[PDB]
There are 4 protein chains.
Amino acid sequence: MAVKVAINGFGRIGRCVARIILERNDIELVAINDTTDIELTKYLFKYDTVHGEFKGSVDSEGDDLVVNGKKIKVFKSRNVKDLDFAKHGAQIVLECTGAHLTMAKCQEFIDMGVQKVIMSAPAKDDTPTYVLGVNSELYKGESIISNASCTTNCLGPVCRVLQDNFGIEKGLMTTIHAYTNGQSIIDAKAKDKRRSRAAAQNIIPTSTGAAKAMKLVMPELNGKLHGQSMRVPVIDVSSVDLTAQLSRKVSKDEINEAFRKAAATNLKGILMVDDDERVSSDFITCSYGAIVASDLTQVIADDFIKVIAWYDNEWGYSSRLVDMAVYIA
Amino acid sequence: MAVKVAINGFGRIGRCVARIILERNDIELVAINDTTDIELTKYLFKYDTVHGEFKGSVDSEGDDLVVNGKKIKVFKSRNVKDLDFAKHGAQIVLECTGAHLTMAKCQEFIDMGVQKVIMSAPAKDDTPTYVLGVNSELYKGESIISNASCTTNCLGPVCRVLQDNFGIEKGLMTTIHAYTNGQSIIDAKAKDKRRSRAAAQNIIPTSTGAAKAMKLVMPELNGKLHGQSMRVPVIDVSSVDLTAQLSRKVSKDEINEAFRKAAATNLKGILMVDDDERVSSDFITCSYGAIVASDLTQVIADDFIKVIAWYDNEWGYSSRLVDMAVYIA
Amino acid sequence: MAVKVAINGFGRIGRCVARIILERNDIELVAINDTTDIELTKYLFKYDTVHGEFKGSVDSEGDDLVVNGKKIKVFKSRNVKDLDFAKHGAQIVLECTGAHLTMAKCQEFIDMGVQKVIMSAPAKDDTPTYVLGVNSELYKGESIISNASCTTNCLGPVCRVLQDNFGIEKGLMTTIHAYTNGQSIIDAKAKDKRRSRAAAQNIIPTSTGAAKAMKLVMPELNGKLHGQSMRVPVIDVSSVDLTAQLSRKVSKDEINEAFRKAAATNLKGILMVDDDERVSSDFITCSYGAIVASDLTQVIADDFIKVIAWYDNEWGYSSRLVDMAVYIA
Amino acid sequence: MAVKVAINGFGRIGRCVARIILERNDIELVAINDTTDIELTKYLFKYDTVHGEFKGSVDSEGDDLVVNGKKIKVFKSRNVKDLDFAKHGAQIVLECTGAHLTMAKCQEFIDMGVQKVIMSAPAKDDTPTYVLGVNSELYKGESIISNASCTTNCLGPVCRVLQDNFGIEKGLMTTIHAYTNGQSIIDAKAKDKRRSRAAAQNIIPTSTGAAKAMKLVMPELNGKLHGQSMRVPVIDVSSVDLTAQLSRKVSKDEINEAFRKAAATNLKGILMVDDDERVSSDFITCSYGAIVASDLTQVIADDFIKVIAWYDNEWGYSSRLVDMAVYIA
Ligand SMILES: Nc1ncnc2c1ncn2[C@@H]1O[C@H](COP(=O)(O)OP(=O)(O)O)[C@@H](O)[C@H]1O
Ligand SMILES: Nc1ncnc2c1ncn2[C@@H]1O[C@H](COP(=O)(O)OP(=O)(O)O)[C@@H](O)[C@H]1O
Ligand SMILES: Nc1ncnc2c1ncn2[C@@H]1O[C@H](COP(=O)(O)OP(=O)(O)O)[C@@H](O)[C@H]1O
Ligand SMILES: Nc1ncnc2c1ncn2[C@@H]1O[C@H](COP(=O)(O)OP(=O)(O)O)[C@@H](O)[C@H]1O
C-alpha cells in the first residue's frame with residue numbers, strides 16, 4: 001500500500017510536495033498544516049504563478065481540502081502538540097515549516113505516533129542527513145532525518161559523479177539562484193543587510209552552507225568545498241556553478257560522458273544532462289535535482305574544471321522529499 | 001526658524017521624507033522611530049535601489065544617526081508611550097507607520113507635547129483630511145490631520161483642475177501602480193487572495209478607496225467617483241487613469257491648456273504637464289504629485305474624457321507630507 | 001476532412017497557432033515560412049519561455065519539421081512568389097508576418113492557388129474584418145479577411161454583450177498590456193520615442209486603434225470609442241479596461257450576469273467570467289479571447305461603468321485565428 | 001587644451017561616453033554619428049531608464065545637438081567615408097558601433113585625418129589591446145587600439161592585483177551579467193539559440209572570450225584562464241566571479257588587503273573595494289571598472305580562491321574609454 005504522509009507547512013515546498021504526491025500512486029497525502037484559512041489554502045494550491053493551474057477540482061468541506069474528490073485534513077496550528085497527523089493515518093511527516101530543524105522539535109511528532117520525520121532543510125543539530133543518489137544507500141532506519149537543501153540535491157549528485165570518476169581535491173561553488181520568500185519585494189527590514197534589498201531589481205549575494213555541509217553526505221569532501229549564492233530576478237530555477245580541482249587530468253568530453261552515464265544508471269531520475277542549450281525557464285516544474293548543461297563544462301590546465309547544473313529549486317527538491325518518503329517508508 | 005519634525009516609521013515613505021527634509025532649509029529632522037537596529041537603519045537610509053545612494057556621510061553615535069554631521073535621535077519602540085519626540089524638539093510628527101490612523105491613537109503624541117500629527121495615509125476614523133492644492137486653503141489649525149494617500153495627491157490635483165474649469169458629473173479611475181511592501185515576492189499568505197501572488201511576475205488587481213474618499217477633500221464629488229488599482233512589475237512610479245463625464249463639451253487641447261495653466265499658478269510644484277513623451281522611470285525621484293501626459297489626453301462624444309497622470313508613489317507623496325508640515329507649522 | 005493551412009511568419013503568433021493546430025483534429029498544418037534556419041525553428045517551437053515545452057518529438061528531415069512524426073514543409077523566403085503553400089495542400093494561409101496587411105499583397109497567395117488568407121492583424125486597407133462572436137455571422141465567403149488584433153478579440157466580445165443587453169453611448173479603453181517584440185530590451189532606437197525605452201523596466205504608453213476600428217465589426221459603435229495602451233513588465237497576458245456610458249441604468253450584478261449568460265450561449269469558448277480572483281499569470285495559455293474579472297466590474301451614477309477583461313494576447317488571438325480558419329473553410 | 005573626440009555609434013556605450021565627457025574639462029565632444037533622426041537622438045540622450053535624466057538643456061539646431069549651449073555635429077551615415085569627424089576638430093574617434101573592429105576598417109578614419117581610433121570592444125584582428133591599470137604603461141603611440149570589453153576592464157584589474165601579489169596558476173570566470181541589446185525581449189530569432197530567449201524572464205548562458213583574451217593584456221596568463229557569462233534579468237550592473245589557483249597559500253584578509261592597497265595606489269579610480277555589503281543597483285553609474293565585494297572573497301585548501309567584483313557594464317567601461325582617450329592623446 002502507498003505510504004501515508006502529512007505536510008507541516010504549506011509554503012512553496014509544501015504545496016509543490018502536495019502536487020507531486022497527487023500525481024503518484026505510491027504515496028498518499030492525508031493531512032496538512034499551515035496558519036492560513038481554508039479559502040486562501042485552496043486558492044494558493046489551485047493557482048500557481050510558477051507551476052500553473054492545478055488540473056482538477058479543489059474544493060473544501062469544513063477543514064478538509066477535497067482534491068479530485070479525496071479529503072485531506074487541514075490543521076491550522078503553530079504548535080506541534082495540536083497536530084495529530086497519525087490520527088489521520090500519517091506514517092511520515094514532511095517538515096516544511098523551516099521552524100523545526102532539530103531532533104528535539106521533531107521528537108514530538110514521533111511521541112504522538114508518527115513513525116518518521118523528514119526535514120525540508122539542513123538540520124541545525126546533528127540530525128542524520130541523507131541525499132538520494134549521494135549517501136541514501138547508507139540509510140539505517142533513523143526516525144528523524146534531514147533531506148538537506150535544494151542546492152545540496154543539485155551539488156550533491158554532481159559531486160558524486162566527479163568524486164567517483166576523477167576525485168575532488170578542492171572546489172568553490174556559486175549558485176545563481178531564483179529569489180525566495182526569504183527576500184524583500186522592496187528595500188525593507190529583513191534578517192540582514194543584503195536580504196533587505198528589492199529582490200526583483202538586484203543581484204543579491206547571500207550565504208549558503210550547502211558546500212561545507214557536503215561533508216555530511218560525502219565525508220571525503222570534509223574541508224574541500226565552500227560556496228555562496230547570488231540571488232537574481234527570476235521567480236524560480238537556479239544553477240550550481242562548481243569550480244573544482246580534480247585528482248587527475250580530464251577532458252570536457254570525459255566529464256560530460258561521466259554525467260550521461262550516471263544519468264542512465266546510478267543517478268536515473270536524479271541527474272540528467274542538457275544537450276539542447278536550454279535556458280532557466282525550460283526547467284520550470286522539472287523533477288531532476290541536477291541538469292548539467294553539457295556545452296558549459298570547462299577544463300583549463302588539465303585538472304581545473306567548471307560544471308554548470310540547473311535545478312528547479314522548488315520542484316527538484318520537492319520531488320526528492322517525496323522520493324525520500326517512499327524510500328525510507 | 002525651520003519647523004522641527006519627527007518621523008514615526010522609517011519605511012519607504014519615512015526614509016524618502018527624511019531625504020527630502022535633509023535637502024531643505026525650512027524644516028529639520030530631529031528624531032525617527034522604527035523596529036530596526038541602527039546598522040540596518042544606516043544601510044537602508046544610505047543605499048536605495050530606487051532613489052540611489054544618499055550623497056553625504058551616514059554615521060551613528062550610539063542611538064543617534066549622524067547625517068552630514070547632524071545628530072538625529074533614533075528610537076526603537078512599537079509603543080507610542082516610549083517615543084518622547086517633543087523632548088528632542090519635534091513640533092510635528094509625520095506618522096509613517098501605517099499603524100496609528102485614528103485621532104485616538106495620535107492623541108498620545110499631543111498628550112506627550114507634540115503640537116501636530118500628520119498621518120501618511122487615509123484616516124480610519126473622521127480625522128480631518130487635507131491635500132495641498134485641493135482643500136489645503138480650508139485648514140483650520142487642527143492638531144491631527146491625514147495627508148490622504150499617494151493616489152489622492154495625484155487624482156486630487158487632476159480633479160481640482162477639471163472641476164474648476166469644466167465640472168465633473170461622474171468618473172471611474174484605474175491606477176496602474178508599482179508593487180509595494182503590501183505585496184508578496186512569491187505566491188505566499190497575505191491579507192487577501194490577489195495580494196498573496198508574486199508581485200514582480202503578475203498584473204494584480206487591488207482595491208483603492210482614493211476615488212470615493214475624494215468626497216473628503218472635494219465634497220462636490222461625493223458619490224461621483226470610484227476607482228481600482230492594477231499592480232504591475234515596476235518597483236516605483238504609478239499612473240492615475242481617470243475617465244470622466246464633464247458638465248460640458250471640451251477639447252483635448254482645452255483640457256491640456258487648463259493643466260498647464262494650473263501648473264504655472266494654483267498647482268505650481270504640485271501638478272506639471274509632460275510634453276516630452278516620458279515613460280515611468282523618468283519620474284523616479286520627481287517631487288510633483290501629478291504629471292499629466294498631455295499626448296494621452298482623450299475626448300470622445302463631447303464630454304467623455306481620459307487623463308493619464310504619472311506619480312512617483314514614494315517621492316511625490318513624501319514631498320507633499322514635508323510641504324504639509326511646513327504649511328500647517 | 002480537416003482544413004489544411006499554412007502559416008506565413010513563425011513568430012509568437014505563428015508558433016502559438018501551430019501548437020493549437022497540433023492539439024486539434026479539425027485542422028492540419030502542412031507548411032510554414034520564416035527567415036530562420038531549421039535548427040532555430042525547431043528550438044523556438046520546442047521550448048517556450050511563456051507556454052512551456054512542447055510535449056512530443058520535434059525533429060527535422062532536410063527542410064521538413066517533423067512534429068510527433070508528421071512532416072511540415074518549411075520555406076525560408078521573404079518573397080511571397082517563392083511560397084507555393086498550395087503545392088503542399090494549403091487551403092488557408094494564416095498571414096502572421098505583420099508585413100502583408102493589404103488585399104493587394106495577399107492577392108499573390110490566391111493567384112498561386114491558395115483559397116483564403118487570414119491576416120493576423122488589422123488591415124491597412126479596406127480588407128473585410130471579422131471577429132468570432134462579434135460579426136462572424138455576417139461572413140460572405142470573402143477570399144481575404146483580417147481577424148483584427150488580440151485587443152479587438154477581447155474588447156469586441158465585451159462590447160457585443162454590453163451593446164446587445166444595455167446599449168453603448170460612448171467609452172474609452174486602456175489596455176494594460178504585456179511587452180512585445182515591437183519594444184526594446186534596453187533604451188535603443190525604435191520606430192517612436194516611447195517604444196525606444198526598456199520594456200521590462202517601465203510602464204510605456206503606446207497607441208492602439210482597436211477601439212476606433214470597432215466600427216469595422218460593430219458599425220453602431222462608429223465614433224463612440226477610443227483607446228490607448230500602457231505596456232507593463234509582464235511577458236504575456238494583458239487586460240482591457242473599458243469605461244463606458246450605457247443607454248440606461250444598470251447594476252454591477254446585471255452586467256456580470258449578462259457576461260455569464262453570453263459565456264454559456266452566444267460567446268461559448270470566446271468570453272468567460274472569472275469568479276476566482278485570478279491574476280494575470282493564471283491566464284497564460286488560456287484560449288478565451290476575454291476573461292471578465294467579475295469582482296472588478298464597477299457602476300457609478302446609474303450608467304457609467306468599468307469592465308476589466310483579461311486576455312492571453314498570444315494564445316487567445318491564436319485560438320481565434322485557428323477557429324476562424326475552421327469557420328470560413 | 002582638452003582632447004577633442006568624436007563618438008561613432010550613439011548606443012548605450014556611446015551615450016554614457018558622451019555624458020561622462022560632458023562632466024569633464026580635459027576632453028570635449030565635437031561630433032557623433034548614428035542612424036537615428038535628431039528628435040530620437042535628443043530623447044535617448046536626455047532620458048535614461050538606467051542613469052536617469054541628463055541635468056541640463058538638450059536642444060537641436062538643424063544637425064547639431066546643443067547640450068548646455070554647446071554645439072555637437074550629428075552625422076547620420078552607416079559609411080565611414082561620409083564621416084568627416086576631423087573637419088569638426090576630432091583628434092580621437094571612440095568607435096562605439098560594434099561594426100568596425102579591425103585596423104583595416106578603422107584605417108579610413110586615420111586616412112580622413114583622425115589621429116587615433118579606440119575600439120569600444122575586443123578587436124577581431126591583431127589590433128593592439130590596452131586596458132588602464134593592466135598594460136596601459138606599455139602603450140607605444142599606436143594609431144588604432146582596442147579598449148577590450150567591459151568584462152576585461154573588471155577581470156583585468158582583479159588579475160593585475162592577484163598576479164602581482166600572489167601569482168595565478170589557473171582560473172575560470174563566470175560573469176553574472178545584466179541583459180543587453182544583443183538579447184531578445186521575447187522568444188524570437190537572434191544570432192544563436194540561447195540569445196533568442198526572453199532576456200528579462202530567464203538566466204541565459206552566453207559566451208565571453210574576456211578570459212582567454214587576457215593573454216593580450218597579461219601575456220603571463222596565456223593558456224591559464226577561460227570564462228563564460230550567465231545573463232540575468234537586471235537592466236545594468238554585472239559581476240566577475242573569478243575562481244583561481246594561486247602560486248602560494250594566501251588568506252582571505254591578505255587578498256582583500258592587496259585589493260585595498262591597489263585601490264589607494266596603482267589602481268586608484270579603476271578598482272575599489274566594497275566593505276558596505278552593497279547589491280548590484282548600488283553600482284549604477286559607478287565609474288570604477290571593478291568593485292571587489294570584500295566579504296565574498298573565499299579561500300579553500302590554501303591556494304584555491306574566489307573573488308566577486310561588480311562592474312557597471314555600461315558606465316565603468318565608458319569611463320575607461322574616456323580615460324583612455326585622455327591618456328593616449
Ligand atoms: N510553525 C509553523 N507552523 C505551521 N506553518 C508554518 C510555521 N512556520 C512557518 N509556516 C509556514 O511554512 C511555509 C513556508 O513557506 P515559504 O515561505 O513559501 O518558503 P519555502 O520556500 O521554504 O516553502 C509558509 O506557508 C508558512 O506560513
Ligand atoms: N508600530 C510601529 N512602530 C514603529 N515602526 C513601525 C510600526 N509599524 C510599522 N513600522 C514600520 O513602518 C514602516 C512601513 O514601511 P514600508 O513597509 O516600506 O511601507 P510604506 O510604503 O508605507 O513606507 C516599516 O519600517 C515598519 O517597520
Ligand atoms: N516578410 C516576411 N517573411 C517571412 N517571415 C517574416 C516576414 N516578416 C516578418 N517575418 C517573421 O514574422 C514573425 C513575427 O513575430 P514576432 O516578432 O514574434 O511578433 P508577433 O507578436 O506578431 O508574432 C518573426 O518570426 C519574423 O521573422
Ligand atoms: N555602421 C554603423 N554606423 C553608425 N551607427 C551604428 C552602426 N552600427 C551600429 N550603430 C549604432 O551603434 C549603437 C550600438 O548600441 P547598443 O545596441 O545600445 O549597444 P552597446 O551596448 O554596444 O552600446 C546603436 O545606436 C546602433 O544604431
Side-chain angles (χ1 to χ4, degrees), chain A residues 1-9 13-14 17-18 20-21 24-33 80-81 83-150 152-153 155-157 159-160 163-164 209-210 213-222 262 265-271 287 289 316-329:
Chain A
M1 211 184 195
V3 61
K4 287 174 155 78
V5 308
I7 303 168
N8 199 20
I13 299 303
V17 166
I20 294 158
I21 289 164
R24 295 167 68 144
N25 291 149
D26 56 353
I27 175 159
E28 177 186 359
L29 179 61
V30 299
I32 74 179
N33 180 55
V80 170
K81 74 196 200 69
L83 307 175
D84 207 351
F85 289 136
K87 180 191 176 225
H88 285 274
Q91 303 166 286
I92 308 198
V93 166
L94 302 178
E95 231 304 345
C96 304
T97 65
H100 307 317
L101 299 171
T102 63
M103 287 180 50
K105 298 187 190 188
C106 293
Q107 183 57 49
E108 291 169 45
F109 288 116
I110 309 298
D111 293 348
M112 300 176 60
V114 168
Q115 291 163 30
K116 306 189 186 268
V117 184
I118 310 175
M119 308 174 181
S120 80
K124 304 201 157 159
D125 64 351
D126 69 330
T127 299
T129 300
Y130 290 101
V131 171
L132 281 164
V134 177
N135 77 331
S136 43
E137 283 176 343
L138 300 190
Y139 176 64
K140 303 169 224 307
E142 301 95 315
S143 280
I144 305 180
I145 67 173
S146 169
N147 195 236
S149 67
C150 61
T152 316
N153 277 264
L155 176 64
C159 287
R160 174 84 283 150
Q163 179 60 15
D164 293 351
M214 277 291 313
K215 66 171 174 182
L216 300 178
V217 295
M218 289 182 71
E220 60 271 56
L221 297 185
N222 196 334
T265 58
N266 58 299
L267 294 178
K268 189 174 166 61
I270 298 170
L271 181 149
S287 68
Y317 187 69
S318 294
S319 304
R320 289 305 84 68
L321 273 177
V322 171
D323 290 340
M324 188 66 74
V326 173
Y327 177 71
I328 66 173

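Each chain gets a letter, A, B and so on, in the order its sequence line appears, and its residues count up from 1. Below, all heavy atoms of this structure are taken into account, side chains as well, without hydrogens, waters or symmetry copies.
A:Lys116 places a side-chain N or O within donor-acceptor distance of the main-chain N or O of A:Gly141, the cut-off being under 3.5 Å. The backbone N or O of A:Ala325 sits nowhere less than 3.5 Å from a side-chain atom of A:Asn147 that would complete a donor-acceptor pair. For A:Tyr139 (side chain) and A:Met324 (main-chain N/O), no donor-acceptor pair under 3.5 Å exists by modelled atom type. Side-chain N or O atoms of A:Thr102 include none that pairs as donor or acceptor with a backbone N or O of A:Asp125 at under 3.5 Å. Side-chain atoms of A:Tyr327 never come within 3.5 Å of backbone atoms of A:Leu132 as a donor-acceptor pair (strictly under, hydrogens ignored).
For the atom pair NZ of A:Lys105 and CE of A:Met119, the computed distance is 10.0 Å after rounding to the nearest 0.5 Å. Note that CD1 of A:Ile328 and OH of A:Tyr130 are 10.0 Å apart. Values are rounded to the nearest 0.5 Å. Atom CD1 in A:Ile118 sits 11.0 Å away from atom OG in A:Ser143 (nearest 0.5 Å). To the nearest 0.5 Å, atoms CG (A:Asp164) and CG (A:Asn266) are separated by 7.0 Å. With rounding to the nearest 0.5 Å, the separation of CG in A:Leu94 from CG in A:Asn8 is 10.0 Å. Note that CG of A:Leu155 is 9.0 Å distant from CE of A:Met218, once rounded to the nearest 0.5 Å.
A 4.5 Å side-chain heavy-atom check between A:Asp26 and A:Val3 finds every atom pair outside the cut-off. When side chains are defined from C-beta on, A:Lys215 does not count as touching A:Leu221, because their heavy atoms never get closer than 4.5 Å. Residues A:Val5 and A:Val93 form no side-chain contact, since every pair of their non-hydrogen atoms from C-beta on lies 4.5 Å or further apart. A heavy-atom distance below 4.5 Å is found between the side chains of A:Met103 and A:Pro128. A 4.5 Å side-chain heavy-atom check between A:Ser146 and A:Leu101 finds every atom pair outside the cut-off. Side chains of A:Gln91 and A:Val114 form no contact here, defined as non-hydrogen atoms less than 4.5 Å apart. Contact annotation: the side chain of A:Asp84 approaches that of A:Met112 to within less than 4.5 Å [non-hydrogen atoms, C-beta and beyond]. With a 4.5 Å cut-off on side-chain heavy atoms, A:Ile144 and A:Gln107 count as touching.
Scanning both residues, A:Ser149 and A:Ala210, for their nearest heavy atoms gives OG-CB, 4.2 Å. Smallest separation of non-hydrogen atoms from A:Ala148 and A:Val131: CB-CG2, 3.7 Å. The two residues A:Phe85 and A:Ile7 come nearest to each other via the heavy atoms CZ-O, 4.2 Å. Contact detail for A:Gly89 and A:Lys4: the closest heavy-atom pair is O-CB, 3.3 Å. Annotation for A:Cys106 and A:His100: closest pair SG-O, 2.9 Å, computed over non-hydrogen atoms. Pairing each heavy atom of A:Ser318 with each of A:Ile13, the nearest pair is OG-O, 3.6 Å.
Between A:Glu220 and A:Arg160, at least one side-chain nitrogen of the basic residue sits less than 4.0 Å from a carboxylate oxygen of the acidic one, meeting the salt-bridge criterion. One finds no salt bridge joining A:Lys81 and A:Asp111 here, because no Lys/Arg side-chain nitrogen approaches an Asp/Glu carboxylate oxygen to under 4.0 Å.
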Begin from the C-alpha positions of A:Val117 and A:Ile110 and carry the test side chain to side chain contact (heavy atoms under 4.5 Å, CB included) through to its verdict.
CA-CA 8 Å; A:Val117 184; A:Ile110 309 298; 3.9 Å; yes
